[PDB]
Amino acid sequence: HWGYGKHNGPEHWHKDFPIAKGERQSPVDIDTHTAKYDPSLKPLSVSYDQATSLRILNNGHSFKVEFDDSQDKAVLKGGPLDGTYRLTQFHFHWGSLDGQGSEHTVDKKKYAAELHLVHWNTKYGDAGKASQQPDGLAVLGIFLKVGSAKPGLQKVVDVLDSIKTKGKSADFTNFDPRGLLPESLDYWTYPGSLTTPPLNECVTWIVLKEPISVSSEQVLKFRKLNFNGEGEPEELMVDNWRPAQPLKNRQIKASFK
Ligand SMILES: NS(=O)(=O)c1c(F)c(F)c(S(=O)(=O)CCO)c(NCc2ccccc2)c1F
Ligand SMILES: NS(=O)(=O)c1c(F)c(F)c(S(=O)(=O)CCO)c(NCc2ccccc2)c1F
Ligand SMILES: [Zn+2]
């Protein structure tokens with residue numbers, strides 16, 4: 001099936017998902033000098049006070065924390081968005097080395113990892129239907145650099161040994177995603193896509209300028225995950241990032257400076 005290897009990785013995805021060569025694919029390189037400051041963009045409103053995390057899962061590509069999104073508990077609005085977007089899950093992409101792992105790049109710089117908080121537009125009723133709409137999803141992207149530890153990440157890191165292989169899940173309640181955010185909500189935004197199959201062109205990307213710092217030990221724990229299922233040949237889950245795709249006819253807007 002699709003993956004990140006030589007034989008099934010990003011360069012092969014277009015054969016099953018022809019939109020891979022589409023006009024609004026993600027991620028992209030954010031050229032900070034070319035991004036246009038838009039004084040009409042609003043501050044992003046991240047309202048995560050009543051978030052209800054449920055479960056953490058290794059899906060063979062990444063790991064994801066899923067949330068109760070059956071009410072307006074953890075929502076994103078404002079910024080470039082019209083309407084209200086409910087948090088459904090977050091996941092990460094990361095490298096085999098600290099100098100790679102992010103999907104977006106900033107002036108061609110790669111970060112060690114990228115956190116994606118995936119939200120869906122409530123006007124479409126459910127995340128599946130939202131993913132079929134051009135304004136269906138909003139993904140808040142946060143870069144991770146290696147330096148000091150991020151305390152709010154540790155609860156995630158410490159459960160990963162229990163979901164080592166594809167298809168493993170664990171209960172993961174009372175996790176507060178506010179502990180994964182940087183101080184500033186200054187961002188770049190552009191219209192794009194899922195960065196994994198099926199690569200739907202349904203995402204308003206909101207990429208925060210300020211990275212979070214995580215420790216080497218934290219990111220080392222991500223790299224102990226396996227792409228393979230229990231009792232198949234071991235392939236460490238590393239380098240689960242799609243490279244930057246052509247910007248084509250898009251402008252990246254900045255909320256700042
Ligand atoms: N992400 S979590 O459920 O594991 C957790 C922590 F473990 C944690 F240590 C923190 S902490 O680093 O801020 C210090 C003790 O509270 C937060 N923080 C959530 C938060 C962040 C900013 C403003 C309000 C809440 C936090 F959410
Ligand atoms: N990077 S990204 O945020 O575009 C991303 C993924 F990398 C990713 F793996 C996923 S997934 O694990 O759910 C695999 C499917 O692409 C989603 N999910 C987007 C989504 C969530 C709910 C309903 C429909 C799409 C997803 F949005
Ligand atoms: Zn992602």
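What you see below is based on every heavy atom in this structure, not just the backbone, and it leaves out hydrogens, waters and symmetry mates. Both ligands and their constituent atoms are indexed starting at 1 by order of listing. Along the sequence shown, the residues carry numbers beginning at 1.
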Side-chain heavy atoms of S193 within contact of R24, under 4.5 Å: no
Output the distance between atom OG1 (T165) and atom CG (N226), rounded to the nearest 0.5 Å. 6.5 Å
Side chain or backbone, does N59 bring an N or O within less than 3.5 Å of an N or O on ligand 2? yes
Full working for side-chain hydrogen bond (donor to acceptor under 3.5 Å, both in side chains) between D171 and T173: CA-CA 6 Å; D171 315 288; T173 54; over 6 Å; no
Heteroatom distance test (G152, ligand 1): nitrogen or oxygen, under 3.5 angstrom: yes
Using a distance threshold of 4.0 Å (strictly less than), state whether atom 14 (C) of ligand 1 has a protein heavy-atom neighbour. no
Which pair of heavy atoms, one from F227 and one from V238, lies closest together, and at what distance? CZ-O, 3.4 Å
Return yes or no for this condition: an N or O of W205 is under 3.5 Å from an N or O of ligand 2. no
Just by distance, no angles: are the side chains of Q100 and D239 close enough, under 3.5 Å, to form a donor-acceptor pair? yes
Which protein heavy atom lies closest to atom 12 (O) of ligand 1, and at what distance to 0.1 Å? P151 CB, 3.6 Å
With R86, the side-chain hydrogen bond (donor to acceptor under 3.5 Å, both in side chains) member among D69, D126, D72: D72
Using a cut-off of 6.0 Å, state whether more than 12 heavy atoms not belonging to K150 lie near its atom NZ. yes
I'd like to know if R223 and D98 make a salt bridge, using a cut-off of under 4.0 Å between side-chain N and carboxylate O. yes
Using a 3.5 Å cut-off on N or O atoms only, is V139 in polar contact with ligand 2? no
Closest protein heavy atom to atom 22 (C) of ligand 2, given as residue, atom name and distance to 0.1 Å: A127 CB, 3.7 Å
Hey, what do you get for OG1 (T189) to CG (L208), rounding to the nearest 0.5 Å? 10.5 Å
Knowing that exactly one of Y111, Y190, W205 qualifies, which makes a side-chain hydrogen bond (donor to acceptor under 3.5 Å, both in side chains) with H104? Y190
Please say whether more than 12 non-hydrogen atoms of neighbouring residues, nucleotides or ligands are located less than 6.0 Å from CG in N174. no
Tell me which protein heavy atom sits closest to atom 24 (C) of ligand 2, plus the residue, atom name and distance to 0.1 Å. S131 CB, 3.7 Å
For atom 9 (F) of ligand 2, find the nearest protein heavy atom and state the residue, atom name and distance (0.1 Å precision). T196 OG1, 3.3 Å
Looking only at N, O or S atoms, find the one in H93 nearest to the Zn ion (ligand 3) and name it. NE2
Honestly, for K64 the part within reach of ligand 2 (heavy atoms, under 4.0 Å) is side chain
Which single N/O/S atom of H116 lies at minimum distance from the Zn ion (ligand 3)? ND1
Atom 21 (C) of ligand 2 [closest protein heavy-atom partner, distance rounded to 0.1 Å]: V118 CG1, 4.3 Å
One residue to check: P197. Relative to ligand 2, which of side chain, backbone, both or neither has a non-hydrogen atom less than 4.0 Å away? backbone
Answer yes or no: does atom NZ of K155 have more than 12 heavy-atom neighbours from other residues, nucleotides or ligands under 6.0 Å? yes
Counting heavy atoms only, name the option from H93, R242, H91, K129 that's nearest to atom 3 (O) of ligand 2. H91
What atoms of ligand 2 come closer than 4.0 angstrom to any heavy atom of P198? 16 (O)
What protein heavy atom sits nearest atom 19 (C) of ligand 2, and how far away is it? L194 CD2, 3.7 Å
Checking a contact table here: which protein heavy atom is nearest atom 20 (C) of ligand 1, and how many Å away? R178 CB, 3.8 Å
Could you tell me whether some N/O pair between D176 and ligand 1 is separated by less than 3.5 angstrom? yes
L115, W241: one ILVMFWY side-chain cluster at the under-4.5 Å cut-off? no
What residue and atom, counting heavy atoms only, is the protein's closest point to atom 26 (C) of ligand 1, and at what distance? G179 CA, 3.8 Å
The closest protein heavy-atom partner of atom 4 (O) of ligand 2 is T195 N, 2.9 Å
Give the residue, atom name and distance (to 0.1 Å) of the protein heavy atom nearest atom 18 (N) of ligand 2. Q89 NE2, 3.7 Å
